[PDB]
>>> print(open('query-v9.txt').read())   # compact mmCIF, N, CA, C and O atoms
# COMPACT_ATOMS: atom_id res chain seq x y z
N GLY A 734 -16.31 14.45 26.80
CA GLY A 734 -17.14 15.60 26.48
C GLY A 734 -16.59 16.91 27.01
O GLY A 734 -17.36 17.77 27.45
N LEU A 735 -15.27 17.08 26.99
CA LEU A 735 -14.62 18.26 27.53
C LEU A 735 -13.88 19.00 26.42
O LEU A 735 -13.09 18.40 25.69
N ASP A 736 -14.15 20.30 26.29
CA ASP A 736 -13.41 21.15 25.38
C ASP A 736 -12.13 21.62 26.09
O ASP A 736 -11.87 21.27 27.24
N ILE A 737 -11.31 22.41 25.39
CA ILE A 737 -10.05 22.86 25.98
C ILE A 737 -10.31 23.86 27.10
O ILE A 737 -9.60 23.87 28.12
N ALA A 738 -11.32 24.73 26.94
CA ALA A 738 -11.63 25.71 27.97
C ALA A 738 -12.05 25.03 29.27
O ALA A 738 -11.48 25.29 30.34
N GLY A 739 -13.04 24.14 29.18
CA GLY A 739 -13.40 23.35 30.34
C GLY A 739 -12.24 22.52 30.86
O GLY A 739 -12.11 22.31 32.06
N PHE A 740 -11.37 22.08 29.95
CA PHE A 740 -10.21 21.29 30.34
C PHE A 740 -9.33 22.06 31.32
O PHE A 740 -9.11 21.60 32.45
N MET A 741 -8.84 23.23 30.92
CA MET A 741 -7.94 23.89 31.86
C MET A 741 -8.68 24.50 33.04
O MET A 741 -8.09 24.61 34.12
N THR A 742 -9.96 24.88 32.89
CA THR A 742 -10.67 25.36 34.07
C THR A 742 -10.81 24.26 35.12
O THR A 742 -10.55 24.51 36.31
N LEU A 743 -11.16 23.04 34.71
CA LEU A 743 -11.28 21.95 35.68
C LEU A 743 -9.92 21.47 36.15
O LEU A 743 -9.82 20.87 37.23
N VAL A 744 -8.86 21.69 35.37
CA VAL A 744 -7.52 21.37 35.86
C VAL A 744 -7.11 22.33 36.96
O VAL A 744 -6.63 21.92 38.02
N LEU A 745 -7.29 23.64 36.73
CA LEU A 745 -7.03 24.62 37.78
C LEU A 745 -7.92 24.43 38.99
O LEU A 745 -7.49 24.73 40.11
N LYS A 746 -9.15 23.94 38.81
CA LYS A 746 -9.95 23.47 39.92
C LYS A 746 -9.29 22.23 40.52
O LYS A 746 -8.82 21.36 39.80
N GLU A 747 -9.25 22.17 41.85
CA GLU A 747 -8.49 21.14 42.56
C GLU A 747 -9.34 19.88 42.72
O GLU A 747 -9.68 19.44 43.82
N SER A 748 -9.67 19.28 41.57
CA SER A 748 -10.40 18.01 41.50
C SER A 748 -11.70 18.07 42.32
O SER A 748 -11.96 17.25 43.19
N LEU A 749 -12.51 19.08 42.00
CA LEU A 749 -13.78 19.30 42.68
C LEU A 749 -14.94 18.57 42.02
O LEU A 749 -16.08 19.03 42.12
N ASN A 750 -14.68 17.45 41.35
CA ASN A 750 -15.67 16.77 40.53
C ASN A 750 -15.77 15.31 40.95
O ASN A 750 -14.77 14.70 41.34
N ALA A 751 -16.98 14.75 40.87
CA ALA A 751 -17.17 13.35 41.22
C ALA A 751 -16.83 12.44 40.05
O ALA A 751 -15.90 11.63 40.13
N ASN A 752 -17.57 12.56 38.95
CA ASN A 752 -17.31 11.78 37.75
C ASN A 752 -16.65 12.56 36.63
O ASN A 752 -16.13 11.95 35.69
N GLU A 753 -16.65 13.89 36.69
CA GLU A 753 -15.94 14.66 35.68
C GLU A 753 -14.43 14.55 35.83
O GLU A 753 -13.71 14.72 34.85
N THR A 754 -13.94 14.22 37.03
CA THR A 754 -12.53 13.83 37.15
C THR A 754 -12.25 12.54 36.40
O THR A 754 -11.21 12.40 35.76
N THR A 755 -13.18 11.58 36.47
CA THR A 755 -13.04 10.36 35.67
C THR A 755 -13.07 10.69 34.19
O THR A 755 -12.31 10.11 33.40
N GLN A 756 -13.94 11.62 33.79
CA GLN A 756 -13.96 12.06 32.40
C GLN A 756 -12.63 12.69 31.99
O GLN A 756 -12.13 12.45 30.89
N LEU A 757 -12.04 13.49 32.88
CA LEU A 757 -10.77 14.14 32.59
C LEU A 757 -9.64 13.12 32.46
O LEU A 757 -8.79 13.23 31.57
N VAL A 758 -9.61 12.13 33.35
CA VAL A 758 -8.56 11.12 33.24
C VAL A 758 -8.78 10.25 32.01
O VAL A 758 -7.82 9.77 31.41
N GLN A 759 -10.04 10.04 31.61
CA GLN A 759 -10.30 9.37 30.34
C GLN A 759 -9.78 10.19 29.17
O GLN A 759 -9.21 9.65 28.22
N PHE A 760 -9.97 11.51 29.23
CA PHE A 760 -9.44 12.41 28.20
C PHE A 760 -7.92 12.30 28.12
O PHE A 760 -7.34 12.22 27.02
N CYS A 761 -7.26 12.31 29.27
CA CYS A 761 -5.81 12.20 29.31
C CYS A 761 -5.34 10.84 28.80
O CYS A 761 -4.32 10.74 28.11
N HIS A 762 -6.07 9.78 29.14
CA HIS A 762 -5.72 8.46 28.64
C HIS A 762 -5.92 8.38 27.13
O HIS A 762 -5.15 7.71 26.44
N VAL A 763 -6.94 9.06 26.61
CA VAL A 763 -7.16 9.08 25.17
C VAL A 763 -6.02 9.80 24.46
O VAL A 763 -5.52 9.33 23.42
N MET A 764 -5.59 10.95 24.99
CA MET A 764 -4.46 11.64 24.35
C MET A 764 -3.19 10.81 24.46
O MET A 764 -2.37 10.79 23.53
N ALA A 765 -3.01 10.10 25.58
CA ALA A 765 -1.87 9.19 25.71
C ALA A 765 -1.93 8.06 24.68
O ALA A 765 -0.91 7.69 24.10
N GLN A 766 -3.12 7.50 24.46
CA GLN A 766 -3.28 6.45 23.46
C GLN A 766 -2.94 6.97 22.07
O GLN A 766 -2.26 6.30 21.29
N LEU A 767 -3.42 8.17 21.75
CA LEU A 767 -3.11 8.75 20.44
C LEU A 767 -1.62 9.00 20.28
O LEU A 767 -1.04 8.70 19.23
N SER A 768 -0.97 9.53 21.32
CA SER A 768 0.47 9.78 21.25
C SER A 768 1.25 8.48 21.11
O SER A 768 2.21 8.41 20.33
N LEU A 769 0.85 7.44 21.84
CA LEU A 769 1.54 6.16 21.73
C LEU A 769 1.32 5.51 20.38
O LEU A 769 2.23 4.87 19.84
N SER A 770 0.12 5.65 19.80
CA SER A 770 -0.12 5.15 18.46
C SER A 770 0.73 5.89 17.44
O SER A 770 1.29 5.28 16.51
N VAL A 771 0.85 7.21 17.59
CA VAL A 771 1.70 7.99 16.70
C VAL A 771 3.15 7.53 16.82
O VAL A 771 3.86 7.37 15.82
N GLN A 772 3.62 7.32 18.05
CA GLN A 772 4.98 6.84 18.27
C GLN A 772 5.21 5.46 17.67
O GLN A 772 6.26 5.23 17.06
N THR A 773 4.27 4.54 17.84
CA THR A 773 4.39 3.20 17.27
C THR A 773 4.39 3.21 15.75
O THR A 773 5.19 2.50 15.14
N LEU A 774 3.52 4.01 15.14
CA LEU A 774 3.49 4.13 13.69
C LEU A 774 4.61 5.00 13.14
O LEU A 774 4.80 5.05 11.92
N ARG A 775 5.35 5.69 14.01
CA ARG A 775 6.44 6.58 13.61
C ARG A 775 5.95 7.67 12.67
O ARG A 775 6.69 8.16 11.81
N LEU A 776 4.69 8.06 12.84
CA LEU A 776 4.11 9.12 12.02
C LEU A 776 4.88 10.42 12.24
O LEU A 776 5.15 10.81 13.38
N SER A 777 5.23 11.09 11.15
CA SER A 777 6.13 12.23 11.24
C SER A 777 5.37 13.51 11.56
O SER A 777 4.14 13.59 11.52
N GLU A 778 6.16 14.55 11.88
CA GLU A 778 5.61 15.85 12.24
C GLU A 778 4.73 16.41 11.13
O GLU A 778 3.58 16.81 11.38
N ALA A 779 5.25 16.44 9.90
CA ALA A 779 4.49 17.02 8.80
C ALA A 779 3.26 16.20 8.47
O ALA A 779 2.20 16.75 8.16
N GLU A 780 3.38 14.87 8.51
CA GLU A 780 2.22 14.02 8.23
C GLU A 780 1.11 14.28 9.24
O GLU A 780 -0.06 14.44 8.87
N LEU A 781 1.46 14.32 10.53
CA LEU A 781 0.45 14.58 11.55
C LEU A 781 -0.16 15.97 11.38
O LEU A 781 -1.38 16.14 11.50
N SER A 782 0.68 16.96 11.09
CA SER A 782 0.18 18.32 10.90
C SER A 782 -0.81 18.39 9.74
O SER A 782 -1.88 18.98 9.85
N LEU B 2004 5.29 -45.23 -17.98
CA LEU B 2004 5.41 -44.86 -19.39
C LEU B 2004 4.58 -43.61 -19.70
O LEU B 2004 5.02 -42.73 -20.45
N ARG B 2005 3.38 -43.53 -19.12
CA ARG B 2005 2.50 -42.39 -19.36
C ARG B 2005 3.10 -41.10 -18.82
O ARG B 2005 3.04 -40.05 -19.47
N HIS B 2006 3.69 -41.16 -17.63
CA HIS B 2006 4.25 -39.97 -16.99
C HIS B 2006 5.71 -39.75 -17.34
O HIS B 2006 6.32 -38.81 -16.82
N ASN B 2007 6.29 -40.58 -18.20
CA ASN B 2007 7.66 -40.42 -18.68
C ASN B 2007 8.65 -40.43 -17.51
O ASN B 2007 9.36 -39.47 -17.25
N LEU B 2008 8.67 -41.56 -16.81
CA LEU B 2008 9.55 -41.77 -15.67
C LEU B 2008 10.43 -42.99 -15.94
O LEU B 2008 10.44 -43.54 -17.04
N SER B 2009 11.18 -43.39 -14.92
CA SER B 2009 12.00 -44.59 -14.98
C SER B 2009 11.17 -45.78 -14.51
O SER B 2009 9.96 -45.69 -14.31
N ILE B 2010 11.83 -46.93 -14.33
CA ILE B 2010 11.13 -48.11 -13.83
C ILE B 2010 10.73 -47.93 -12.37
O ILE B 2010 9.74 -48.52 -11.93
N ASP B 2011 11.46 -47.12 -11.61
CA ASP B 2011 11.18 -46.89 -10.21
C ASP B 2011 10.49 -45.56 -9.95
O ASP B 2011 10.38 -45.14 -8.79
N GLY B 2012 10.02 -44.89 -11.00
CA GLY B 2012 9.31 -43.64 -10.84
C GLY B 2012 10.16 -42.39 -10.84
O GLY B 2012 9.61 -41.29 -10.70
N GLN B 2013 11.47 -42.51 -10.99
CA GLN B 2013 12.33 -41.34 -11.06
C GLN B 2013 12.03 -40.55 -12.33
O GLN B 2013 11.96 -41.14 -13.41
N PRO B 2014 11.83 -39.24 -12.24
CA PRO B 2014 11.51 -38.46 -13.45
C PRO B 2014 12.63 -38.53 -14.47
O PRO B 2014 13.81 -38.45 -14.15
N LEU B 2015 12.23 -38.67 -15.73
CA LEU B 2015 13.17 -38.72 -16.85
C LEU B 2015 13.63 -37.34 -17.28
O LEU B 2015 14.62 -37.24 -18.02
N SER B 2016 12.94 -36.28 -16.85
CA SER B 2016 13.34 -34.92 -17.16
C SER B 2016 13.55 -34.17 -15.85
O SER B 2016 12.67 -34.17 -14.99
N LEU B 2017 14.72 -33.55 -15.71
CA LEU B 2017 15.06 -32.82 -14.49
C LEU B 2017 14.17 -31.60 -14.34
O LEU B 2017 14.04 -30.79 -15.25
N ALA B 2018 13.54 -31.49 -13.17
CA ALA B 2018 12.68 -30.36 -12.86
C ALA B 2018 13.48 -29.07 -12.82
O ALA B 2018 14.58 -29.00 -12.27
N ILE B 2019 12.91 -28.03 -13.43
CA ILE B 2019 13.54 -26.73 -13.49
C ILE B 2019 13.61 -26.15 -12.08
O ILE B 2019 12.73 -26.36 -11.24
N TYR B 2020 14.68 -25.41 -11.80
CA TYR B 2020 14.92 -24.83 -10.49
C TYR B 2020 13.92 -23.73 -10.13
O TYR B 2020 13.58 -23.58 -8.96
N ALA B 2021 13.46 -22.96 -11.12
CA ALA B 2021 12.53 -21.85 -10.91
C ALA B 2021 13.09 -20.85 -9.90
O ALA B 2021 12.58 -20.68 -8.79
N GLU B 2022 14.18 -20.22 -10.31
CA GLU B 2022 14.88 -19.28 -9.45
C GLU B 2022 13.94 -18.14 -9.06
O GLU B 2022 13.29 -17.53 -9.93
N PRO B 2023 13.83 -17.81 -7.77
CA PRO B 2023 12.83 -16.83 -7.33
C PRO B 2023 13.17 -15.40 -7.73
O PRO B 2023 14.28 -15.11 -8.18
N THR B 2024 12.20 -14.51 -7.56
CA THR B 2024 12.34 -13.10 -7.90
C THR B 2024 13.23 -12.34 -6.92
O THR B 2024 13.76 -11.28 -7.27
N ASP B 2025 13.41 -12.87 -5.70
CA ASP B 2025 14.20 -12.39 -4.56
C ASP B 2025 13.73 -11.00 -4.10
O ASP B 2025 13.17 -10.24 -4.89
N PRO B 2026 13.94 -10.66 -2.83
CA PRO B 2026 13.43 -9.38 -2.32
C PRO B 2026 14.22 -8.19 -2.86
O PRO B 2026 15.24 -8.33 -3.53
N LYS B 2027 13.72 -7.00 -2.53
CA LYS B 2027 14.33 -5.75 -2.94
C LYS B 2027 14.57 -4.87 -1.72
O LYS B 2027 14.09 -5.17 -0.62
N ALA B 2028 15.32 -3.79 -1.92
CA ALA B 2028 15.64 -2.89 -0.82
C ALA B 2028 14.54 -1.85 -0.62
O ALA B 2028 13.64 -1.68 -1.45
N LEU B 2029 14.62 -1.15 0.50
CA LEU B 2029 13.66 -0.11 0.86
C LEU B 2029 14.40 1.20 1.08
O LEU B 2029 15.59 1.20 1.43
N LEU B 2030 13.71 2.31 0.87
CA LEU B 2030 14.31 3.64 0.97
C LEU B 2030 13.37 4.56 1.73
O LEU B 2030 12.15 4.37 1.72
N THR B 2031 13.94 5.56 2.40
CA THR B 2031 13.19 6.60 3.10
C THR B 2031 13.85 7.94 2.82
O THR B 2031 15.03 7.99 2.46
N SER B 2032 13.10 9.02 3.00
CA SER B 2032 13.61 10.36 2.73
C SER B 2032 13.15 11.33 3.81
O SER B 2032 12.45 10.97 4.76
N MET B 2033 13.55 12.59 3.65
CA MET B 2033 13.27 13.63 4.63
C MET B 2033 11.96 14.33 4.28
O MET B 2033 11.56 14.36 3.11
N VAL B 2034 11.31 14.90 5.29
CA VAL B 2034 10.06 15.65 5.12
C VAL B 2034 10.18 16.92 5.93
O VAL B 2034 10.65 16.90 7.08
N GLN B 2035 9.74 18.04 5.36
CA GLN B 2035 9.85 19.35 5.98
C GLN B 2035 8.47 19.97 6.17
O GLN B 2035 7.49 19.51 5.59
N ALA B 2036 8.41 21.00 7.01
CA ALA B 2036 7.18 21.73 7.30
C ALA B 2036 7.54 23.20 7.51
O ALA B 2036 8.67 23.52 7.89
N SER B 2037 6.58 24.09 7.27
CA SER B 2037 6.83 25.52 7.39
C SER B 2037 5.79 26.17 8.29
O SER B 2037 4.66 25.69 8.41
N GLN B 2038 6.18 27.27 8.94
CA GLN B 2038 5.32 27.99 9.85
C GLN B 2038 5.59 29.49 9.75
O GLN B 2038 6.59 29.92 9.17
N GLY B 2039 4.69 30.27 10.33
CA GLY B 2039 4.89 31.70 10.40
C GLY B 2039 5.23 32.18 11.80
O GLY B 2039 5.37 31.39 12.74
N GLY B 2040 5.35 33.49 11.93
CA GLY B 2040 5.67 34.09 13.21
C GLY B 2040 4.44 34.44 14.02
O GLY B 2040 3.30 34.25 13.60
N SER B 2041 4.69 34.95 15.22
CA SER B 2041 3.60 35.36 16.10
C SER B 2041 3.31 36.84 15.93
O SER B 2041 4.11 37.60 15.38
N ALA B 2042 2.14 37.26 16.40
CA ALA B 2042 1.75 38.66 16.32
C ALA B 2042 2.65 39.51 17.21
O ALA B 2042 2.94 39.17 18.36
N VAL B 2043 3.11 40.63 16.66
CA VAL B 2043 3.99 41.53 17.39
C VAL B 2043 3.17 42.33 18.39
O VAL B 2043 2.22 43.03 18.03
N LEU B 2044 3.50 42.19 19.67
CA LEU B 2044 2.81 42.93 20.71
C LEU B 2044 3.40 44.34 20.83
O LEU B 2044 4.62 44.49 20.91
N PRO B 2045 2.56 45.37 20.83
CA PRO B 2045 3.07 46.73 21.02
C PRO B 2045 3.71 46.90 22.39
O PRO B 2045 3.01 46.86 23.41
N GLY B 2046 5.02 47.08 22.41
CA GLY B 2046 5.73 47.17 23.68
C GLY B 2046 5.29 48.39 24.47
O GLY B 2046 5.34 49.52 23.97
N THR B 2047 4.86 48.16 25.71
CA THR B 2047 4.47 49.25 26.59
C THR B 2047 5.70 50.10 26.90
O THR B 2047 6.61 49.65 27.60
N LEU B 2048 5.72 51.32 26.37
CA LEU B 2048 6.88 52.19 26.51
C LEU B 2048 7.10 52.56 27.98
O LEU B 2048 6.22 53.14 28.62
N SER B 2049 8.27 52.22 28.49
CA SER B 2049 8.64 52.56 29.86
C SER B 2049 9.14 54.00 29.89
O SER B 2049 8.99 54.76 28.93
N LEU B 2050 9.74 54.40 31.01
CA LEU B 2050 10.33 55.72 31.15
C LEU B 2050 11.84 55.70 31.02
O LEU B 2050 12.44 56.76 30.79
N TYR B 2051 12.48 54.54 31.12
CA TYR B 2051 13.93 54.45 31.13
C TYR B 2051 14.50 54.80 29.75
O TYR B 2051 13.77 55.03 28.79
N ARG B 2052 15.82 54.85 29.67
CA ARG B 2052 16.51 55.25 28.45
C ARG B 2052 17.17 54.05 27.78
O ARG B 2052 17.39 53.00 28.39
>>> encode(input="query-v9.txt", output="structure tokens")
Amino acid sequence: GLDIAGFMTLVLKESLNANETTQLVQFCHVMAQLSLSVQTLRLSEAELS
Amino acid sequence: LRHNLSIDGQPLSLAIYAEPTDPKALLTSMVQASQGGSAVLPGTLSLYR
């Protein structure tokens, strides 16, 4: 449940969160999963765009 | 006699080989994408020459 604005604000914040840090690492794991799926499927730049 | 075989059951007509369709090759090509430029920032005029 984090937008990009909240994303970098809480990143610049030095992990001042109890469970929102867990939310942030879940966000990062989700983007990692998407990137790894893209890499496995060999989806191209133009297709993804 | 009914199935048109020999005395020991060997077929009297040679079974057709039924040559398969065999596989085919695969091809891939290139994909391109286009973009524009960034907004030109008005350069803050210095005093130097």
>>> closest_atom_pairs(input="query-v9.txt", of="chain B", to="chain A", cutoff="10 Å", atoms="only C-alpha atoms", output="Markdown table")
| residue | atom | partner | partner_atom | distance |
| --- | --- | --- | --- | --- |
| B:2033 | CA | A:777 | CA | 9.8 |
| B:2034 | CA | A:779 | CA | 6.8 |
| B:2035 | CA | A:779 | CA | 6.5 |
| B:2036 | CA | A:779 | CA | 5.6 |
| B:2037 | CA | A:779 | CA | 8.9 |
>>> atom_distance(input="query-v9.txt", atom1="atom N of residue 739 (chain A)", atom2="atom C of residue 765 (chain A)")
20.1 Å
>>> atom_distance(input="query-v9.txt", atom1="CA of residue 744 (chain A)", atom2="CA of residue 771 (chain A)")
25.1 Å
>>> atom_distance(input="query-v9.txt", atom1="CA of residue 756 (chain A)", atom2="atom C of residue 781 (chain A)")
25.4 Å
>>> select_by_dssp(input="query-v9.txt", residues="chain A", states="alpha helix (DSSP H)", output="PyMOL selection string")
chain A and resi 737-745+753-774+778-781
>>> write_last_selection(input="query-v9.txt", atoms="N, CA, C and O atoms", output="short mmCIF file (atom, residue, chain, number, x, y, z; two decimals), in the coordinates of the input")
data_model
loop_
_atom_site.label_atom_id
_atom_site.label_comp_id
_atom_site.auth_asym_id
_atom_site.auth_seq_id
_atom_site.Cartn_x
_atom_site.Cartn_y
_atom_site.Cartn_z
N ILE A 737 -11.31 22.41 25.39
CA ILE A 737 -10.05 22.86 25.98
C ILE A 737 -10.31 23.86 27.10
O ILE A 737 -9.60 23.87 28.12
N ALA A 738 -11.32 24.73 26.94
CA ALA A 738 -11.63 25.71 27.97
C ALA A 738 -12.05 25.03 29.27
O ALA A 738 -11.48 25.29 30.34
N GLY A 739 -13.04 24.14 29.18
CA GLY A 739 -13.40 23.35 30.34
C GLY A 739 -12.24 22.52 30.86
O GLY A 739 -12.11 22.31 32.06
N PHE A 740 -11.37 22.08 29.95
CA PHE A 740 -10.21 21.29 30.34
C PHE A 740 -9.33 22.06 31.32
O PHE A 740 -9.11 21.60 32.45
N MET A 741 -8.84 23.23 30.92
CA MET A 741 -7.94 23.89 31.86
C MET A 741 -8.68 24.50 33.04
O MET A 741 -8.09 24.61 34.12
N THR A 742 -9.96 24.88 32.89
CA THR A 742 -10.67 25.36 34.07
C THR A 742 -10.81 24.26 35.12
O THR A 742 -10.55 24.51 36.31
N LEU A 743 -11.16 23.04 34.71
CA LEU A 743 -11.28 21.95 35.68
C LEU A 743 -9.92 21.47 36.15
O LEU A 743 -9.82 20.87 37.23
N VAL A 744 -8.86 21.69 35.37
CA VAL A 744 -7.52 21.37 35.86
C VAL A 744 -7.11 22.33 36.96
O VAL A 744 -6.63 21.92 38.02
N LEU A 745 -7.29 23.64 36.73
CA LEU A 745 -7.03 24.62 37.78
C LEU A 745 -7.92 24.43 38.99
O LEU A 745 -7.49 24.73 40.11
N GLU A 753 -16.65 13.89 36.69
CA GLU A 753 -15.94 14.66 35.68
C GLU A 753 -14.43 14.55 35.83
O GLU A 753 -13.71 14.72 34.85
N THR A 754 -13.94 14.22 37.03
CA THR A 754 -12.53 13.83 37.15
C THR A 754 -12.25 12.54 36.40
O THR A 754 -11.21 12.40 35.76
N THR A 755 -13.18 11.58 36.47
CA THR A 755 -13.04 10.36 35.67
C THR A 755 -13.07 10.69 34.19
O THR A 755 -12.31 10.11 33.40
N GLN A 756 -13.94 11.62 33.79
CA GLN A 756 -13.96 12.06 32.40
C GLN A 756 -12.63 12.69 31.99
O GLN A 756 -12.13 12.45 30.89
N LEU A 757 -12.04 13.49 32.88
CA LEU A 757 -10.77 14.14 32.59
C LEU A 757 -9.64 13.12 32.46
O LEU A 757 -8.79 13.23 31.57
N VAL A 758 -9.61 12.13 33.35
CA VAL A 758 -8.56 11.12 33.24
C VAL A 758 -8.78 10.25 32.01
O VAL A 758 -7.82 9.77 31.41
N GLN A 759 -10.04 10.04 31.61
CA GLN A 759 -10.30 9.37 30.34
C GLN A 759 -9.78 10.19 29.17
O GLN A 759 -9.21 9.65 28.22
N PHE A 760 -9.97 11.51 29.23
CA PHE A 760 -9.44 12.41 28.20
C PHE A 760 -7.92 12.30 28.12
O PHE A 760 -7.34 12.22 27.02
N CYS A 761 -7.26 12.31 29.27
CA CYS A 761 -5.81 12.20 29.31
C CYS A 761 -5.34 10.84 28.80
O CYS A 761 -4.32 10.74 28.11
N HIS A 762 -6.07 9.78 29.14
CA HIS A 762 -5.72 8.46 28.64
C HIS A 762 -5.92 8.38 27.13
O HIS A 762 -5.15 7.71 26.44
N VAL A 763 -6.94 9.06 26.61
CA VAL A 763 -7.16 9.08 25.17
C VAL A 763 -6.02 9.80 24.46
O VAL A 763 -5.52 9.33 23.42
N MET A 764 -5.59 10.95 24.99
CA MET A 764 -4.46 11.64 24.35
C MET A 764 -3.19 10.81 24.46
O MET A 764 -2.37 10.79 23.53
N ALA A 765 -3.01 10.10 25.58
CA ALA A 765 -1.87 9.19 25.71
C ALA A 765 -1.93 8.06 24.68
O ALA A 765 -0.91 7.69 24.10
N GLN A 766 -3.12 7.50 24.46
CA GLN A 766 -3.28 6.45 23.46
C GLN A 766 -2.94 6.97 22.07
O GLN A 766 -2.26 6.30 21.29
N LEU A 767 -3.42 8.17 21.75
CA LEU A 767 -3.11 8.75 20.44
C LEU A 767 -1.62 9.00 20.28
O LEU A 767 -1.04 8.70 19.23
N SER A 768 -0.97 9.53 21.32
CA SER A 768 0.47 9.78 21.25
C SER A 768 1.25 8.48 21.11
O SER A 768 2.21 8.41 20.33
N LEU A 769 0.85 7.44 21.84
CA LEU A 769 1.54 6.16 21.73
C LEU A 769 1.32 5.51 20.38
O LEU A 769 2.23 4.87 19.84
N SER A 770 0.12 5.65 19.80
CA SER A 770 -0.12 5.15 18.46
C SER A 770 0.73 5.89 17.44
O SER A 770 1.29 5.28 16.51
N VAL A 771 0.85 7.21 17.59
CA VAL A 771 1.70 7.99 16.70
C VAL A 771 3.15 7.53 16.82
O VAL A 771 3.86 7.37 15.82
N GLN A 772 3.62 7.32 18.05
CA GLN A 772 4.98 6.84 18.27
C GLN A 772 5.21 5.46 17.67
O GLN A 772 6.26 5.23 17.06
N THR A 773 4.27 4.54 17.84
CA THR A 773 4.39 3.20 17.27
C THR A 773 4.39 3.21 15.75
O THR A 773 5.19 2.50 15.14
N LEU A 774 3.52 4.01 15.14
CA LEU A 774 3.49 4.13 13.69
C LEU A 774 4.61 5.00 13.14
O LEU A 774 4.80 5.05 11.92
N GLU A 778 6.16 14.55 11.88
CA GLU A 778 5.61 15.85 12.24
C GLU A 778 4.73 16.41 11.13
O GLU A 778 3.58 16.81 11.38
N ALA A 779 5.25 16.44 9.90
CA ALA A 779 4.49 17.02 8.80
C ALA A 779 3.26 16.20 8.47
O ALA A 779 2.20 16.75 8.16
N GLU A 780 3.38 14.87 8.51
CA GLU A 780 2.22 14.02 8.23
C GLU A 780 1.11 14.28 9.24
O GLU A 780 -0.06 14.44 8.87
N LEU A 781 1.46 14.32 10.53
CA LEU A 781 0.45 14.58 11.55
C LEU A 781 -0.16 15.97 11.38
O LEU A 781 -1.38 16.14 11.50
#
>>> closest_residue(input="query-v9.txt", among="A:751, A:758, A:767, A:774", to="residue 734 (chain A)", atoms="only C-alpha atoms")
A:758
